[PDB]
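The structure appears below as structure tokens.
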Amino acid sequence: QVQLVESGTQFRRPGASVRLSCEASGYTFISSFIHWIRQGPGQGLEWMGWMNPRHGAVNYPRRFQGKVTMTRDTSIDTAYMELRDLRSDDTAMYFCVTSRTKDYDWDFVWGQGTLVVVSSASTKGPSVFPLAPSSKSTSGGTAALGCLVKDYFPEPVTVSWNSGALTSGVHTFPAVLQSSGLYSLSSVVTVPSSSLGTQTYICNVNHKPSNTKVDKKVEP
Amino acid sequence: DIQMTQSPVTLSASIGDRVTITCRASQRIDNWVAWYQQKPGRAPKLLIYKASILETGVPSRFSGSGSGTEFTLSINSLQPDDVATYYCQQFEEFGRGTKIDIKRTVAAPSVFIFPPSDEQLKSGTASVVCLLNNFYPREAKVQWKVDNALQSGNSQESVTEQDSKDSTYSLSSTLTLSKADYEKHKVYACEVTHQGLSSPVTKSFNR
Amino acid sequence: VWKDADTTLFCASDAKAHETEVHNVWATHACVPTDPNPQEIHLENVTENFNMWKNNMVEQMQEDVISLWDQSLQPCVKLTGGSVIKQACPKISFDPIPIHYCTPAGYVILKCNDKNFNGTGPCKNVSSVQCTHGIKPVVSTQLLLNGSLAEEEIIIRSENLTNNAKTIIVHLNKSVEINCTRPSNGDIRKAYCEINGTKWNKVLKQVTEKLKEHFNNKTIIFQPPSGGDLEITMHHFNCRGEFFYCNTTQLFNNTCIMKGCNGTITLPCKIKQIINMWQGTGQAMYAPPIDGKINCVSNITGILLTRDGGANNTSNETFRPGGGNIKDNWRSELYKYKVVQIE
Ligand SMILES: *[C@@H]1O[C@H](CO)[C@@H](O[C@@H]2O[C@H](CO)[C@@H](O[C@@H]3O[C@H](CO[C@H]4O[C@H](CO)[C@@H](O)[C@H](O)[C@@H]4O)[C@@H](O)[C@H](O)[C@@H]3O)[C@H](O)[C@H]2NC(C)=O)[C@H](O)[C@H]1NC(C)=O
Ligand SMILES: *[C@@H]1O[C@H](CO)[C@@H](O[C@@H]2O[C@H](CO)[C@@H](O[C@@H]3O[C@H](CO)[C@@H](O)[C@H](O)[C@@H]3O)[C@H](O)[C@H]2NC(C)=O)[C@H](O)[C@H]1NC(C)=O
Ligand SMILES: *[C@@H]1O[C@H](CO)[C@@H](O[C@@H]2O[C@H](CO)[C@@H](O)[C@H](O)[C@H]2NC(C)=O)[C@H](O)[C@H]1NC(C)=O
Ligand SMILES: *[C@@H]1O[C@H](CO)[C@@H](O[C@@H]2O[C@H](CO)[C@@H](O)[C@H](O)[C@H]2NC(C)=O)[C@H](O)[C@H]1NC(C)=O
Ligand SMILES: *[C@@H]1O[C@H](CO)[C@@H](O)[C@H](O)[C@H]1NC(C)=O
Ligand SMILES: *[C@@H]1O[C@H](CO)[C@@H](O)[C@H](O)[C@H]1NC(C)=O
Ligand SMILES: *[C@@H]1O[C@H](CO)[C@@H](O)[C@H](O)[C@H]1NC(C)=O
Ligand SMILES: *[C@@H]1O[C@H](CO)[C@@H](O)[C@H](O)[C@H]1NC(C)=O
Ligand SMILES: *[C@@H]1O[C@H](CO)[C@@H](O)[C@H](O)[C@H]1NC(C)=O
């Protein structure tokens, strides 16, 4: 098996630089070109360049020229790609890439990817706000309630309901990265409106990077 | 100098059905093309190379064809494991991507709206949330209106993955205002447009 | 009648047995004398197809040059596969000689006489020979030195034009000299190369135009290498046993492609004792350079280019010097030859 294993996700502040590694195994490191590709969140793939292991030859596209640097370590079979002057729009998934087929550089094998998050924010616990059920959020005999997990950094947070007793009808939405550089998301659940009176609903939010735990009771 | 265009942008099919994805090359002259499968939160996987050649470990239901400008990727009988985003490739160029989606009968969103919490108001920021629950297809339009005035650039939205049980989607839209700005107005409404809805549904509340 | 086949070639040379120069010494033991009366038969109304990028003759020559260098240019220190090998490293006499590559019985070499043949495709004009012409085993990057010239037009060579990962060989139809000199008398590793600006820029202009023919008349731009080892980012070659590294920035000058920049072009150079071996085996350290005037005059007869990938809306095409193989050097000389089996 041909394999590329990259470093873990990195966090940087705008203007700083990042260095990403790609560890190759299962084939002759020297034999084939190494490429780098980036994927914007909810977007297509974009080629960043290729590198030759024997003599370090490099090719860059117009857009990434002057902003990207590719380096090699032949002795440990590890490739590097360094990205500098990081921007907010540089937040993406970066893949080191190589070719499985002999004599054809273009066919590719994909590394698991390295997420790069560019934010000026610093690690921070979330604010947790209740989404109370009311006449506005009640249709038929179904009511909706939830929690707003606002202004935390970095990812991820976990959300459960009634300590995990409530799983059916629960939707926890993917975090959105705000302009502040902080993440925010909401988690909702639909329940019988008749049960709002008797059954108590509590949301459990865990943000391990700041070890912040919050149980918030959502009342009508 | 070669650009790759994929069609359709989104493709919705039932299990066991044949699926065809089209890739067109601007340069007009080629004999080599690759196809890739990418699942959510996962690295891409090579399926086809040299236009019509299957990668090892790939099911026989996957086939590739095409000559010159146009190339096609076909699945003989769609399996639920094949649900993912597919890309074509020519040299350093990739297609925009096609998301294979499991087709269901049209379902209108259940719409709920949440005013900002009192506790949040203390912070100095007010968030209004609009929920579109369990709907299909994925396409949905949310517009925010404040005192019947259209809002833009002050809202963000997020969508869940297709539910493995009922193949519906859910959407959350958050409108963010300052406490002061929030209190300068009375009626807050998000307007939902979806093909399952005969006319746009408006959820609103009195501050 | 004949049929395509691969087989083990042998070499021939006019090496002198009394010579201590390392190419002479090697060829004396590894090669036979040349044929003074070589036969060449033109094959009437015969068309043969060639592919320089898939030609086992190239791979075989590389092996010889690797073998030659290994027993001739022992470094004081060699860094290979994580190991270090030490041995004596006296200064040597070094100056490439022409080597002919020849087929044994039951095989012969076909030669394409198409003046503008690009190294891939059909050749109408074919002559059979027992041996190739004498090819000097010049190891270099970016620029090909002391190698055969195009008979008629400048030829652009690439395994695939559309592909950007494939190295481009520019075959010059007219030599431009390189004079490199380490003066006898400061820094003993300081050197320079002088080129004629008027002559070179005239040639470079032509290469630009030739490239235009292949790329839909798009604008041709030259830039310095994006990165890599010094062996590729600089003009790298061996002169009188000393390993030279020459800056080529001045040679690929876009603005001169014209103002009064018709004068002598002087490239800044350094001699390096510690180098990356072109054999790909690692690093070697040599003794410091000999005293006095170290000088080699060489024709420029080829150029290695890599095209920038990802051109989109912009119609420009950017090219940068440097080839990605030493095998490409031999390829440029062997492009018109292939081995076939006789019935
Ligand atoms: C070294 O190589 C150079 C390139 O191979 C040689 O350069 C050339 O000299 C020739 C004639 O020997 C010129 O060819 C002529 O081309 C002109 C221009 O023709 C073109 O323009 C029309 C209209 O736009 C276009 O349709 C054609 O395709 C051509 O692009 C002709 O008009 C003459 O009739 C004749 O064919 C070359 O153009 C020229 N190369 C360049 C880039 O200047 C040079 O001769 C070689 N050295 C030696 C000793 O042979
Ligand atoms: C190889 O390269 C070297 C350096 O580029 C060339 O050397 C130069 O040759 C010239 C004349 O062509 C020497 O210039 C002359 O010097 C004499 C003595 O001073 C002077 O009286 C003349 O008026 C003229 O300036 C020049 O000094 C010399 N460069 C050095 C450092 O020796 C050599 O010519 C090149 N080989 C070829 C074939 O061009
Ligand atoms: C450098 O290039 C020159 C000129 O192209 C070579 O000289 C020609 O050499 C041939 C013999 O191979 C003669 O028949 C020609 O008359 C020469 N041309 C001219 C204009 O005089 C020379 O051999 C090359 N030097 C090398 C390879 O080291
Ligand atoms: C070849 O020489 C040129 C000029 O000495 C070098 O060019 C400079 O490269 C740097 C970064 O190293 C740029 O900051 C400068 O702007 C360049 N000078 C100009 C005018 O382009 C080039 O780096 C040299 N090559 C090597 C390998 O060092
Ligand atoms: C080079 O690649 C292009 C694009 O795939 C292809 O159309 C052409 O046939 C190729 N040329 C060769 C010699 O393979
Ligand atoms: C060389 O000529 C052949 C003709 O068979 C053509 O197919 C190929 O594209 C050409 N390559 C270059 C680099 O001109
Ligand atoms: C450049 O070469 C030309 C021949 O084309 C010659 O006339 C001239 O003397 C040379 N120029 C200089 C100043 O080196
Ligand atoms: C290009 O040549 C001109 C000489 O007129 C000079 O201004 C410029 O420095 C040159 N560029 C190089 C040598 O990189
Ligand atoms: C090119 O050949 C000439 C003449 O034999 C020689 O002096 C020169 O050093 C050679 N160049 C190289 C790089 O071998």
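Scanning segment B:1-23 for residues that are assigned to a strand (DSSP E or B) and either polar (S, T, N, Q) or not assigned by CATH to the domain that holds B:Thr98 (or both) yields B:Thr5, B:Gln6, B:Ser7, B:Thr10, B:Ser12, B:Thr20, B:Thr22.
Filter segment B:66-96 for residues that are touching a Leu at 6+ places or on another chain (Cβ under 8 Å) and over 15 Å from B:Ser26 (Cα atoms); which is nearest to the other protein chains (Cβ to nearest Cβ)? For segment B:66-96, the residue satisfying everything is B:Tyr87.
Can you name every residue in segment A:159-195 that is among the hydrophobic types (A, V, I, L, M, F, W, C), within 13 Å of chain B (Cβ to nearest Cβ) and either loosely packed, with under 14 Cβ neighbours inside 10 Å or not in a loop (DSSP other than H, G, I, E, B) (or both)? Hits for segment A:159-195 are A:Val159, A:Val170, A:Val176, A:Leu177, A:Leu185, A:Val188, A:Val189, A:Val191.
What strands (runs of 3 or more DSSP E) lie completely within segment A:38-112 and have 3 or more residues being within 9 Å of another protein chain (Cβ to nearest Cβ)? Because the criterion is at least 3 residues that are within 9 Å of another protein chain (Cβ to nearest Cβ), the strands (runs of 3 or more DSSP E) in segment A:38-112 that meet it are A:45-51, A:68-73. Restricting segment C:293-335 to residues that are within 13 Å of the chain's Cα centre (by Cα) and acidic (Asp, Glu), the residue that is nearest to A:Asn52 (Cα to Cα) is C:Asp328.
The set of residues from segment C:243-294 being charged (D, E, K, R) and out of contact with any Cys (no Cβ under 9 Å at 6 or more places or on another chain) comprises C:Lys259, C:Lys272, C:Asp291, C:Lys293. Among the residues of segment C:173-230, those that are within 16 Å of ligand 2 (Cβ to nearest atom), surrounded by 16 or more Cβ atoms within 10 Å (Cβ to Cβ) and β-branched (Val, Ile, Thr) comprise C:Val176, C:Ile178, C:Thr181, C:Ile195. Of the listed requirements (1) in contact with a helix residue (DSSP H, G or I) (Cβ under 9 Å, 6 or more places away or on another chain); (2) under 18 Å from C:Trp330 (Cα atoms), C:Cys131 misses just one: (1).
In this structure, is B:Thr20 more than 10 Å from every other protein chain (Cβ to nearest Cβ) and under 20 Å from the mean Cα position of the chain (by Cα)? So B:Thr20 fits the description; yes. Exactly one residue out of C:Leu204, C:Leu211 is in contact with a strand residue (DSSP E or B) (Cβ under 9 Å, 6 or more places away or on another chain) and over 30 Å from A:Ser32 (Cα atoms): that is C:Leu204.
Every test in (1) within 16 Å of ligand 3 (Cβ to nearest atom); (2) not in a strand (DSSP E or B) is passed by C:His171 save one, and that test is (2). Can you find, within segment B:122-150, the residue that is nearest to the other protein chains (Cβ to nearest Cβ) among those that are assigned to a strand (DSSP E or B), under 16 Å from A:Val149 (Cα atoms) and hydroxyl-bearing (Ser, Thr, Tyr)? Selected residue: B:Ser127. Does segment C:189-211 contain any residue that is of a type in the set (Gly, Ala, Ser), more than 16 Å from ligand 8 (Cβ to nearest atom) and assigned to a loop (DSSP other than H, G, I, E, B)? Within segment C:189-211 (the criterion being of a type in the set (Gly, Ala, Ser), more than 16 Å from ligand 8 (Cβ to nearest atom) and assigned to a loop (DSSP other than H, G, I, E, B)), the answer is no, since none of the residues qualifies.
When residues in segment C:98-117 are screened for being surrounded by fewer than 22 Cβ atoms within 10 Å (Cβ to Cβ), under 17 Å from C:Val1 (Cβ atoms) and polar (S, T, N, Q), 0 of them pass. Exactly one residue out of A:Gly40, A:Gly140, A:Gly66 is small (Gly, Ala, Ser), within 30 Å of A:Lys217 (Cα to Cα) and surrounded by fewer than 21 Cβ atoms within 10 Å (Cβ to Cβ), and it is A:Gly140. Scanning segment B:182-207 for residues that are over 23 Å from the mean Cα position of the chain (by Cα), away from chain A (no Cβ under 13 Å) and small (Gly, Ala, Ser) turns up nothing.
Out of all the residues in segment C:219-238, is one or more within 14 Å of chain A (Cβ to nearest Cβ), more than 30 Å from C:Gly280 (Cα to Cα) and either aromatic (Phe, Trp, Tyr) or not in a helix (DSSP H, G or I) (or both)? Scanning segment C:219-238 turns up at least one residue that is within 14 Å of chain A (Cβ to nearest Cβ), more than 30 Å from C:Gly280 (Cα to Cα) and either aromatic (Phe, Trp, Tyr) or not in a helix (DSSP H, G or I) (or both). Could you please let me know if C:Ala284 is buried (at least 19 other Cβ atoms within 10 Å of the Cβ) and assigned to a loop (DSSP other than H, G, I, E, B)? Criteria not met by C:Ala284. Given the structure, is C:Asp64 within 23 Å of C:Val138 (Cα to Cα) and of a type outside the set (A, V, I, L, M, F, W, C)? So C:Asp64 passes the test.
With the structure loaded, tell me whether B:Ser77 is touching a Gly at 6+ places or on another chain (Cβ under 9 Å), part of a loop (DSSP other than H, G, I, E, B) and over 29 Å from C:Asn163 (Cβ atoms) or whether it fails that test. The answer is yes for B:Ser77.
Filtering segment C:319-341 to residues that are crowded, with 22+ Cβ neighbours inside 10 Å and of a type in the set (S, T, N, Q) leaves C:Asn329, C:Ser332.
Would you be able to say whether some residue in segment C:240-255 is more than 16 Å from ligand 5 (Cβ to nearest atom) and within 12 Å of chain A (Cβ to nearest Cβ)? No, that holds for no residue.
Could we say that C:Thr167 is within 16 Å of ligand 6 (Cβ to nearest atom), in contact with an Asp or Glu (Cβ under 7 Å, 6 or more places away or on another chain) and within 14 Å of chain A (Cβ to nearest Cβ) here? When the stated conditions are applied, C:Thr167 passes them.
All of this is worked out from the model, or read from it or from the source named; none is laboratory data. A quick note on method: Cβ atoms are made from the backbone with ideal geometry, for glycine too, and the neighbour counts reach across all protein chains shown.
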